[PDB]
file target.pdb (PDB, C-alpha atoms and all ligand atoms)
ATOM      1  CA  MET Y   1       0.000   0.000   0.000  1.00  0.00           C
ATOM      2  CA  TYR Y   2       1.035   3.625  -0.388  1.00  0.00           C
ATOM      3  CA  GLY Y   3       3.431   4.929   2.266  1.00  0.00           C
ATOM      4  CA  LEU Y   4       0.728   7.147   3.755  1.00  0.00           C
ATOM      5  CA  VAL Y   5      -0.932   4.053   5.250  1.00  0.00           C
ATOM      6  CA  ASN Y   6       2.266   2.895   6.927  1.00  0.00           C
ATOM      7  CA  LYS Y   7       2.945   6.397   8.257  1.00  0.00           C
ATOM      8  CA  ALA Y   8      -0.561   6.416   9.716  1.00  0.00           C
ATOM      9  CA  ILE Y   9       0.074   3.125  11.504  1.00  0.00           C
ATOM     10  CA  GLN Y  10       3.419   4.385  12.822  1.00  0.00           C
ATOM     11  CA  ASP Y  11       1.715   7.588  13.962  1.00  0.00           C
ATOM     12  CA  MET Y  12      -1.133   5.837  15.764  1.00  0.00           C
ATOM     13  CA  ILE Y  13       1.239   3.492  17.561  1.00  0.00           C
ATOM     14  CA  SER Y  14       3.663   6.285  18.495  1.00  0.00           C
ATOM     15  CA  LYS Y  15       0.892   8.547  19.792  1.00  0.00           C
ATOM     16  CA  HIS Y  16      -0.707   5.730  21.798  1.00  0.00           C
ATOM     17  CA  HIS Y  17       2.283   3.780  23.106  1.00  0.00           C
ATOM     18  CA  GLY Y  18       5.422   5.855  22.614  1.00  0.00           C
ATOM     19  CA  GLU Y  19       8.342   5.922  20.196  1.00  0.00           C
ATOM     20  CA  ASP Y  20      10.006   3.114  22.157  1.00  0.00           C
ATOM     21  CA  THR Y  21       7.133   0.680  21.657  1.00  0.00           C
ATOM     22  CA  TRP Y  22       6.893   1.850  18.039  1.00  0.00           C
ATOM     23  CA  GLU Y  23      10.594   1.115  17.470  1.00  0.00           C
ATOM     24  CA  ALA Y  24      10.061  -2.311  19.041  1.00  0.00           C
ATOM     25  CA  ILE Y  25       7.223  -3.078  16.630  1.00  0.00           C
ATOM     26  CA  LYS Y  26       9.141  -1.703  13.639  1.00  0.00           C
ATOM     27  CA  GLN Y  27      12.090  -3.923  14.564  1.00  0.00           C
ATOM     28  CA  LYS Y  28       9.963  -7.051  15.033  1.00  0.00           C
ATOM     29  CA  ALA Y  29       8.152  -6.382  11.738  1.00  0.00           C
ATOM     30  CA  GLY Y  30      11.566  -6.587  10.070  1.00  0.00           C
ATOM     31  CA  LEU Y  31      11.547  -2.930   9.012  1.00  0.00           C
ATOM     32  CA  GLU Y  32      14.556  -1.546  10.896  1.00  0.00           C
ATOM     33  CA  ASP Y  33      16.316  -0.651   7.627  1.00  0.00           C
ATOM     34  CA  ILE Y  34      13.572   1.780   6.535  1.00  0.00           C
ATOM     35  CA  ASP Y  35      14.435   5.185   8.003  1.00  0.00           C
ATOM     36  CA  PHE Y  36      10.996   6.603   7.222  1.00  0.00           C
ATOM     37  CA  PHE Y  37       7.938   5.840   5.088  1.00  0.00           C
ATOM     38  CA  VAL Y  38       7.486   7.956   1.965  1.00  0.00           C
ATOM     39  CA  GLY Y  39       3.815   8.916   1.848  1.00  0.00           C
ATOM     40  CA  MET Y  40       3.285   9.086  -1.909  1.00  0.00           C
ATOM     41  CA  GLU Y  41       5.423   6.017  -2.587  1.00  0.00           C
ATOM     42  CA  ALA Y  42       4.000   2.552  -3.262  1.00  0.00           C
ATOM     43  CA  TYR Y  43       5.128  -0.248  -0.906  1.00  0.00           C
ATOM     44  CA  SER Y  44       4.532  -3.975  -0.819  1.00  0.00           C
ATOM     45  CA  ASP Y  45       1.319  -4.790   1.106  1.00  0.00           C
ATOM     46  CA  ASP Y  46       3.631  -7.075   3.108  1.00  0.00           C
ATOM     47  CA  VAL Y  47       4.986  -4.051   4.955  1.00  0.00           C
ATOM     48  CA  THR Y  48       1.543  -3.146   6.282  1.00  0.00           C
ATOM     49  CA  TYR Y  49       0.540  -6.685   7.232  1.00  0.00           C
ATOM     50  CA  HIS Y  50       3.883  -7.244   8.993  1.00  0.00           C
ATOM     51  CA  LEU Y  51       3.508  -4.004  10.928  1.00  0.00           C
ATOM     52  CA  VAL Y  52       0.096  -5.104  12.146  1.00  0.00           C
ATOM     53  CA  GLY Y  53       1.224  -8.616  13.100  1.00  0.00           C
ATOM     54  CA  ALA Y  54       4.306  -7.368  14.933  1.00  0.00           C
ATOM     55  CA  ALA Y  55       2.117  -4.838  16.719  1.00  0.00           C
ATOM     56  CA  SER Y  56      -0.303  -7.613  17.745  1.00  0.00           C
ATOM     57  CA  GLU Y  57       2.615  -9.437  19.317  1.00  0.00           C
ATOM     58  CA  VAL Y  58       4.338  -6.519  21.083  1.00  0.00           C
ATOM     59  CA  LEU Y  59       1.034  -5.084  22.322  1.00  0.00           C
ATOM     60  CA  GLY Y  60      -0.588  -8.410  23.225  1.00  0.00           C
ATOM     61  CA  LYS Y  61      -3.769  -7.590  21.321  1.00  0.00           C
ATOM     62  CA  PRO Y  62      -5.430  -9.592  18.564  1.00  0.00           C
ATOM     63  CA  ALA Y  63      -4.529  -8.171  15.150  1.00  0.00           C
ATOM     64  CA  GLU Y  64      -8.234  -7.543  14.479  1.00  0.00           C
ATOM     65  CA  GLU Y  65      -8.322  -4.976  17.294  1.00  0.00           C
ATOM     66  CA  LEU Y  66      -5.343  -3.267  15.673  1.00  0.00           C
ATOM     67  CA  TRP Y  67      -7.020  -3.126  12.269  1.00  0.00           C
ATOM     68  CA  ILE Y  68     -10.117  -1.742  13.999  1.00  0.00           C
ATOM     69  CA  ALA Y  69      -8.103   0.880  15.878  1.00  0.00           C
ATOM     70  CA  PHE Y  70      -6.287   1.803  12.696  1.00  0.00           C
ATOM     71  CA  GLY Y  71      -9.508   2.014  10.720  1.00  0.00           C
ATOM     72  CA  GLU Y  72     -10.852   4.488  13.266  1.00  0.00           C
ATOM     73  CA  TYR Y  73      -7.552   6.395  13.328  1.00  0.00           C
ATOM     74  CA  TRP Y  74      -7.470   6.740   9.514  1.00  0.00           C
ATOM     75  CA  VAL Y  75     -10.594   8.902   9.469  1.00  0.00           C
ATOM     76  CA  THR Y  76      -8.847  11.462  11.692  1.00  0.00           C
ATOM     77  CA  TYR Y  77      -5.391  11.051  10.119  1.00  0.00           C
ATOM     78  CA  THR Y  78      -6.503  11.726   6.562  1.00  0.00           C
ATOM     79  CA  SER Y  79      -8.510  14.754   7.702  1.00  0.00           C
ATOM     80  CA  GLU Y  80      -5.450  16.213   9.423  1.00  0.00           C
ATOM     81  CA  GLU Y  81      -2.671  15.299   6.953  1.00  0.00           C
ATOM     82  CA  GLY Y  82      -3.853  16.850   3.693  1.00  0.00           C
ATOM     83  CA  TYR Y  83      -7.207  15.271   2.856  1.00  0.00           C
ATOM     84  CA  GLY Y  84      -9.660  17.274   4.981  1.00  0.00           C
ATOM     85  CA  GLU Y  85     -11.274  19.043   2.043  1.00  0.00           C
ATOM     86  CA  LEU Y  86     -11.574  15.789   0.072  1.00  0.00           C
ATOM     87  CA  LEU Y  87     -13.292  14.200   3.069  1.00  0.00           C
ATOM     88  CA  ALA Y  88     -15.645  17.166   3.397  1.00  0.00           C
ATOM     89  CA  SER Y  89     -16.484  16.995  -0.312  1.00  0.00           C
ATOM     90  CA  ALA Y  90     -17.709  13.447   0.233  1.00  0.00           C
ATOM     91  CA  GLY Y  91     -20.637  14.726   2.328  1.00  0.00           C
ATOM     92  CA  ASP Y  92     -22.049  15.348   5.789  1.00  0.00           C
ATOM     93  CA  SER Y  93     -23.837  12.094   6.616  1.00  0.00           C
ATOM     94  CA  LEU Y  94     -22.850   8.445   6.851  1.00  0.00           C
ATOM     95  CA  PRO Y  95     -25.102   7.136   4.059  1.00  0.00           C
ATOM     96  CA  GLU Y  96     -24.105   9.901   1.622  1.00  0.00           C
ATOM     97  CA  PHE Y  97     -20.424   9.500   2.467  1.00  0.00           C
ATOM     98  CA  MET Y  98     -20.574   5.750   1.890  1.00  0.00           C
ATOM     99  CA  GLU Y  99     -22.345   6.347  -1.445  1.00  0.00           C
ATOM    100  CA  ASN Y 100     -19.560   8.755  -2.425  1.00  0.00           C
ATOM    101  CA  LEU Y 101     -16.690   6.553  -1.263  1.00  0.00           C
ATOM    102  CA  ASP Y 102     -15.910   4.969  -4.670  1.00  0.00           C
ATOM    103  CA  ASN Y 103     -15.854   8.480  -6.136  1.00  0.00           C
ATOM    104  CA  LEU Y 104     -13.626   9.687  -3.309  1.00  0.00           C
ATOM    105  CA  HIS Y 105     -11.173   6.895  -4.042  1.00  0.00           C
ATOM    106  CA  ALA Y 106     -11.349   7.687  -7.765  1.00  0.00           C
ATOM    107  CA  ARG Y 107     -10.255  11.221  -6.765  1.00  0.00           C
ATOM    108  CA  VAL Y 108      -7.451   9.824  -4.588  1.00  0.00           C
ATOM    109  CA  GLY Y 109      -6.498   7.664  -7.569  1.00  0.00           C
ATOM    110  CA  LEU Y 110      -6.065  10.709  -9.792  1.00  0.00           C
ATOM    111  CA  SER Y 111      -3.070  11.506  -7.517  1.00  0.00           C
ATOM    112  CA  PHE Y 112      -1.955   7.975  -6.529  1.00  0.00           C
ATOM    113  CA  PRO Y 113      -1.789   6.357  -9.978  1.00  0.00           C
ATOM    114  CA  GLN Y 114      -0.980   2.894  -8.594  1.00  0.00           C
ATOM    115  CA  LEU Y 115      -3.906   2.929  -6.140  1.00  0.00           C
ATOM    116  CA  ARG Y 116      -5.792  -0.329  -5.533  1.00  0.00           C
ATOM    117  CA  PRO Y 117      -8.842   1.090  -3.766  1.00  0.00           C
ATOM    118  CA  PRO Y 118     -11.654  -0.800  -2.061  1.00  0.00           C
ATOM    119  CA  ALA Y 119     -15.104  -0.817  -3.677  1.00  0.00           C
ATOM    120  CA  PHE Y 120     -18.171  -0.057  -1.553  1.00  0.00           C
ATOM    121  CA  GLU Y 121     -21.777  -0.458  -2.617  1.00  0.00           C
ATOM    122  CA  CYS Y 122     -24.779   0.521  -0.510  1.00  0.00           C
ATOM    123  CA  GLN Y 123     -28.175  -1.113  -0.634  1.00  0.00           C
ATOM    124  CA  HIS Y 124     -30.375   1.100   1.506  1.00  0.00           C
ATOM    125  CA  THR Y 125     -32.991  -0.792   3.521  1.00  0.00           C
ATOM    126  CA  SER Y 126     -34.499   2.286   5.187  1.00  0.00           C
ATOM    127  CA  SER Y 127     -33.719   5.943   5.879  1.00  0.00           C
ATOM    128  CA  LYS Y 128     -31.690   4.693   8.841  1.00  0.00           C
ATOM    129  CA  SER Y 129     -30.124   1.442   7.628  1.00  0.00           C
ATOM    130  CA  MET Y 130     -28.258  -0.234   4.812  1.00  0.00           C
ATOM    131  CA  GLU Y 131     -26.452  -3.319   3.621  1.00  0.00           C
ATOM    132  CA  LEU Y 132     -22.868  -2.432   2.728  1.00  0.00           C
ATOM    133  CA  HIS Y 133     -20.971  -4.507   0.180  1.00  0.00           C
ATOM    134  CA  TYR Y 134     -17.196  -4.302   0.488  1.00  0.00           C
ATOM    135  CA  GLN Y 135     -15.058  -5.648  -2.352  1.00  0.00           C
ATOM    136  CA  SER Y 136     -11.277  -5.750  -2.262  1.00  0.00           C
ATOM    137  CA  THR Y 137      -8.234  -7.178  -4.009  1.00  0.00           C
ATOM    138  CA  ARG Y 138      -6.877  -7.787  -0.487  1.00  0.00           C
ATOM    139  CA  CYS Y 139      -7.506 -10.220   2.378  1.00  0.00           C
ATOM    140  CA  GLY Y 140      -8.298  -9.557   6.005  1.00  0.00           C
ATOM    141  CA  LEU Y 141      -9.301  -5.884   6.025  1.00  0.00           C
ATOM    142  CA  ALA Y 142     -12.932  -6.302   7.164  1.00  0.00           C
ATOM    143  CA  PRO Y 143     -11.932  -5.300  10.740  1.00  0.00           C
ATOM    144  CA  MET Y 144     -10.377  -2.126   9.333  1.00  0.00           C
ATOM    145  CA  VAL Y 145     -13.734  -1.392   7.664  1.00  0.00           C
ATOM    146  CA  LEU Y 146     -15.495  -1.812  11.024  1.00  0.00           C
ATOM    147  CA  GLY Y 147     -13.091   0.690  12.573  1.00  0.00           C
ATOM    148  CA  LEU Y 148     -13.546   3.102   9.679  1.00  0.00           C
ATOM    149  CA  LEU Y 149     -17.323   2.961  10.059  1.00  0.00           C
ATOM    150  CA  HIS Y 150     -16.979   3.827  13.731  1.00  0.00           C
ATOM    151  CA  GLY Y 151     -14.658   6.694  12.784  1.00  0.00           C
ATOM    152  CA  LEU Y 152     -17.235   8.048  10.336  1.00  0.00           C
ATOM    153  CA  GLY Y 153     -19.874   7.640  13.032  1.00  0.00           C
ATOM    154  CA  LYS Y 154     -17.819   9.946  15.223  1.00  0.00           C
ATOM    155  CA  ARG Y 155     -17.152  12.331  12.317  1.00  0.00           C
ATOM    156  CA  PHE Y 156     -20.883  12.678  11.673  1.00  0.00           C
ATOM    157  CA  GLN Y 157     -21.960  12.527  15.345  1.00  0.00           C
ATOM    158  CA  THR Y 158     -24.137   9.544  14.441  1.00  0.00           C
ATOM    159  CA  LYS Y 159     -24.662   6.261  16.262  1.00  0.00           C
ATOM    160  CA  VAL Y 160     -23.517   3.416  14.005  1.00  0.00           C
ATOM    161  CA  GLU Y 161     -24.437  -0.229  14.656  1.00  0.00           C
ATOM    162  CA  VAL Y 162     -22.524  -2.609  12.393  1.00  0.00           C
ATOM    163  CA  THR Y 163     -22.607  -6.377  12.076  1.00  0.00           C
ATOM    164  CA  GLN Y 164     -20.722  -8.401   9.446  1.00  0.00           C
ATOM    165  CA  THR Y 165     -23.084 -10.781   7.657  1.00  0.00           C
ATOM    166  CA  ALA Y 166     -20.852 -12.209   4.956  1.00  0.00           C
ATOM    167  CA  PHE Y 167     -17.157 -13.050   4.895  1.00  0.00           C
ATOM    168  CA  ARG Y 168     -14.620 -12.804   2.025  1.00  0.00           C
ATOM    169  CA  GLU Y 169     -12.398 -15.348   3.777  1.00  0.00           C
ATOM    170  CA  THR Y 170     -14.832 -18.163   4.483  1.00  0.00           C
ATOM    171  CA  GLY Y 171     -15.447 -18.622   0.770  1.00  0.00           C
ATOM    172  CA  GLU Y 172     -18.324 -16.216   0.240  1.00  0.00           C
ATOM    173  CA  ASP Y 173     -18.180 -13.775  -2.672  1.00  0.00           C
ATOM    174  CA  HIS Y 174     -17.360 -10.694  -0.553  1.00  0.00           C
ATOM    175  CA  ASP Y 175     -17.695  -9.075   2.861  1.00  0.00           C
ATOM    176  CA  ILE Y 176     -21.127  -7.722   3.619  1.00  0.00           C
ATOM    177  CA  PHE Y 177     -22.213  -5.672   6.634  1.00  0.00           C
ATOM    178  CA  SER Y 178     -25.616  -4.729   7.993  1.00  0.00           C
ATOM    179  CA  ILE Y 179     -25.606  -1.222   9.388  1.00  0.00           C
ATOM    180  CA  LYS Y 180     -28.105   0.823  11.385  1.00  0.00           C
ATOM    181  CA  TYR Y 181     -27.560   4.536  12.067  1.00  0.00           C
ATOM    182  CA  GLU Y 182     -29.396   7.347  13.873  1.00  0.00           C
TER     183      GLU Y 182
HETATM  184  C1  LIG Y 201     -12.739   8.069   5.480  1.00  0.00           C
HETATM  185  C2  LIG Y 201     -13.368   7.025   4.932  1.00  0.00           C
HETATM  186  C3  LIG Y 201     -12.520   5.989   4.172  1.00  0.00           C
HETATM  187  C4  LIG Y 201     -12.785   4.691   4.138  1.00  0.00           C
HETATM  188  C5  LIG Y 201     -13.965   3.997   4.865  1.00  0.00           C
HETATM  189  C6  LIG Y 201     -11.752   4.063   3.335  1.00  0.00           C
HETATM  190  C7  LIG Y 201     -11.649   2.715   3.071  1.00  0.00           C
HETATM  191  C8  LIG Y 201     -10.486   2.093   2.680  1.00  0.00           C
HETATM  192  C9  LIG Y 201     -10.180   0.684   2.835  1.00  0.00           C
HETATM  193  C10 LIG Y 201     -11.135  -0.350   3.460  1.00  0.00           C
HETATM  194  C11 LIG Y 201      -8.959   0.457   2.327  1.00  0.00           C
HETATM  195  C12 LIG Y 201      -8.213  -0.904   2.282  1.00  0.00           C
HETATM  196  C13 LIG Y 201      -7.740  -1.301   0.881  1.00  0.00           C
HETATM  197  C14 LIG Y 201      -8.516  -2.483   0.328  1.00  0.00           C
HETATM  198  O1  LIG Y 201      -9.648  -2.733   0.822  1.00  0.00           O
HETATM  199  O2  LIG Y 201      -8.027  -3.163  -0.618  1.00  0.00           O
HETATM  200  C15 LIG Y 201      -8.452   1.733   1.844  1.00  0.00           C
HETATM  201  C16 LIG Y 201      -7.233   1.955   1.249  1.00  0.00           C
HETATM  202  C17 LIG Y 201      -6.697   3.192   0.954  1.00  0.00           C
HETATM  203  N1  LIG Y 201      -7.316   4.450   1.055  1.00  0.00           N
HETATM  204 FE1  LIG Y 201      -9.222   4.723   1.645  1.00  0.00          FE
HETATM  205  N2  LIG Y 201     -10.878   5.039   2.873  1.00  0.00           N
HETATM  206  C18 LIG Y 201     -11.329   6.244   3.380  1.00  0.00           C
HETATM  207  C19 LIG Y 201     -10.764   7.474   3.144  1.00  0.00           C
HETATM  208  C20 LIG Y 201      -9.606   7.735   2.455  1.00  0.00           C
HETATM  209  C21 LIG Y 201      -9.033   9.048   2.213  1.00  0.00           C
HETATM  210  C22 LIG Y 201      -9.607  10.426   2.660  1.00  0.00           C
HETATM  211  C23 LIG Y 201      -7.894   8.860   1.548  1.00  0.00           C
HETATM  212  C24 LIG Y 201      -6.952   9.972   1.073  1.00  0.00           C
HETATM  213  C25 LIG Y 201      -5.678   9.657   0.850  1.00  0.00           C
HETATM  214  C26 LIG Y 201      -7.712   7.436   1.318  1.00  0.00           C
HETATM  215  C27 LIG Y 201      -6.670   6.824   0.659  1.00  0.00           C
HETATM  216  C28 LIG Y 201      -6.413   5.461   0.668  1.00  0.00           C
HETATM  217  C29 LIG Y 201      -5.163   4.858   0.283  1.00  0.00           C
HETATM  218  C30 LIG Y 201      -3.865   5.538  -0.223  1.00  0.00           C
HETATM  219  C31 LIG Y 201      -5.350   3.359   0.469  1.00  0.00           C
HETATM  220  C32 LIG Y 201      -4.297   2.264   0.202  1.00  0.00           C
HETATM  221  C33 LIG Y 201      -4.663   1.460  -1.055  1.00  0.00           C
HETATM  222  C34 LIG Y 201      -3.410   1.249  -1.882  1.00  0.00           C
HETATM  223  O3  LIG Y 201      -2.325   1.742  -1.475  1.00  0.00           O
HETATM  224  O4  LIG Y 201      -3.475   0.604  -2.962  1.00  0.00           O
HETATM  225  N3  LIG Y 201      -8.777   6.782   1.898  1.00  0.00           N
HETATM  226  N4  LIG Y 201      -9.395   2.699   2.072  1.00  0.00           N
END
call {"tool": "encode", "arguments": {"input": "target.pdb", "output": "structure tokens"}}
result
Amino acid sequence: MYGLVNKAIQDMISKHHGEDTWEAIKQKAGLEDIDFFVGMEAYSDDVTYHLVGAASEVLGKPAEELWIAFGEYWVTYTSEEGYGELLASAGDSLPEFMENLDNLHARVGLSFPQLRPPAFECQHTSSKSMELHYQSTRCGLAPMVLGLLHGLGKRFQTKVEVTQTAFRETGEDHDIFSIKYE
């Protein structure tokens, strides 16, 4: 993934646990060589997955909790590190934002030519609920999506109830979530 993602993970961990713990994780992940992540540079997805695993070990938390934390963190990080206006342009409510998300990533992709973005499709089941279809070229990022949805819930001061109803990994087509919001 692009360096920006790895910087965001480093930032979250540093801000929450200290540069010492971060350095420990970085070392364990096998990334001691890398002096710093270059935000607009493409990296192997391996870097990101290794960071998360190593962090799960050092911190003694399941990796899923780390993807969730990171998903939540991302909503704030992007808004503060150069993508606040983009985020705003995607709307002022959860359902509208989720409808705009493919278009938001298309806009990101204008600048990150090698982007492999997620795809999100909403099937609205009422004015306060939807079924969200998440399609990805990558494995294991459902928990990150859960965190991101909570982050957007905070962004929009909206209560978000999310349950995963289908799983990419256990041989279903793609991840699906049922969501209620108020
Ligand atoms: C705030 C709501 C957002 C959500 C819910 C979201 C969702 C996601 C998810 C789930 C992924 C994982 C990649 C995959 O599934 O294959 C991803 C990747 C990514 N997103 Fe978004 N995103 C959001 C906002 C943004 C914004 C504002 C930016 C601006 C830079 C951004 C840039 C990226 C980048 C660079 C990747 C890495 C993909 C790659 O490097 O190929 N995202 N996003």
call {"tool": "residues_around", "arguments": {"input": "target.pdb", "residues": "residue 124 in chain Y", "least_positions_apart": "5", "cutoff": "12 Å", "atoms": "all atoms listed in the file", "output": "PyMOL selection string"}}
result
chain Y and resi 94-96+98-99+129-133+177-181
call {"tool": "resolve_selection", "arguments": {"input": "target.pdb", "expression": "the PyMOL selection byres (((chain Y and resi 155-162) around 9) and not hetatm)", "output": "PyMOL selection string"}}
result
chain Y and resi 75-76+92-94+146+149-154+163-164+177-182
call {"tool": "residues_near_ligand", "arguments": {"input": "target.pdb", "ligand": "ligand LIG 201 (chain Y)", "cutoff": "6 Å", "atoms": "only C-alpha atoms and all ligand atoms", "output": "compact mmCIF listing (two decimals) with C-alpha atoms, in the coordinates of the input"}}
result
# COMPACT_ATOMS: atom_id res chain seq x y z
CA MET Y 1 0.00 0.00 0.00
CA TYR Y 2 1.03 3.62 -0.39
CA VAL Y 75 -10.59 8.90 9.47
CA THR Y 78 -6.50 11.73 6.56
CA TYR Y 83 -7.21 15.27 2.86
CA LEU Y 87 -13.29 14.20 3.07
CA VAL Y 108 -7.45 9.82 -4.59
CA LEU Y 115 -3.91 2.93 -6.14
CA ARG Y 116 -5.79 -0.33 -5.53
CA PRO Y 117 -8.84 1.09 -3.77
CA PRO Y 118 -11.65 -0.80 -2.06
CA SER Y 136 -11.28 -5.75 -2.26
CA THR Y 137 -8.23 -7.18 -4.01
CA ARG Y 138 -6.88 -7.79 -0.49
CA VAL Y 145 -13.73 -1.39 7.66
CA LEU Y 148 -13.55 3.10 9.68
call {"tool": "residues_near_point", "arguments": {"input": "target.pdb", "point": "(-8.3, -5.0, 12.3)", "cutoff": "9 Å", "atoms": "all atoms listed in the file", "output": "ChimeraX atom specification"}}
result
/Y:52,62-71,140-147
call {"tool": "closest_residue", "arguments": {"input": "target.pdb", "among": "Y:175, Y:169, Y:35, Y:11", "to": "residue 119 in chain Y", "atoms": "all atoms listed in the file"}}
result
Y:175
call {"tool": "atom_distance", "arguments": {"input": "target.pdb", "atom1": "CA of residue 8 in chain Y", "atom2": "CA of residue 73 in chain Y"}}
result
7.9 Å
call {"tool": "atom_distance", "arguments": {"input": "target.pdb", "atom1": "CA of residue 29 in chain Y", "atom2": "CA of residue 10 in chain Y"}}
result
11.8 Å
call {"tool": "atom_distance", "arguments": {"input": "target.pdb", "atom1": "CA of residue 106 in chain Y", "atom2": "CA of residue 9 in chain Y"}}
result
22.9 Å
call {"tool": "residues_around", "arguments": {"input": "target.pdb", "residues": "residue 59 in chain Y", "least_positions_apart": "5", "cutoff": "12 Å", "atoms": "all atoms listed in the file", "output": "ChimeraX atom specification"}}
result
/Y:13,16-18,21-22,24-25,28,51-54,65-66
call {"tool": "residues_around", "arguments": {"input": "target.pdb", "residues": "residue 36 in chain Y", "least_positions_apart": "5", "cutoff": "12 Å", "atoms": "all atoms listed in the file", "output": "PyMOL selection string"}}
result
chain Y and resi 3-4+6-8+10-11+23+26+31+41
call {"tool": "closest_residue", "arguments": {"input": "target.pdb", "among": "Y:5, Y:33, Y:45, Y:171", "to": "residue 74 in chain Y", "atoms": "all atoms listed in the file"}}
result
Y:5
call {"tool": "closest_residue", "arguments": {"input": "target.pdb", "among": "Y:86, Y:48, Y:12, Y:167", "to": "residue 72 in chain Y", "atoms": "all atoms listed in the file"}}
result
Y:12
call {"tool": "residues_around", "arguments": {"input": "target.pdb", "residues": "residue 174 in chain Y", "least_positions_apart": "2", "cutoff": "8 Å", "atoms": "all atoms listed in the file", "output": "ChimeraX atom specification"}}
result
/Y:133-135,166-168,172,176
call {"tool": "closest_residue", "arguments": {"input": "target.pdb", "among": "Y:80, Y:97, Y:107, Y:60", "to": "residue 121 in chain Y", "atoms": "only C-alpha atoms"}}
result
Y:97
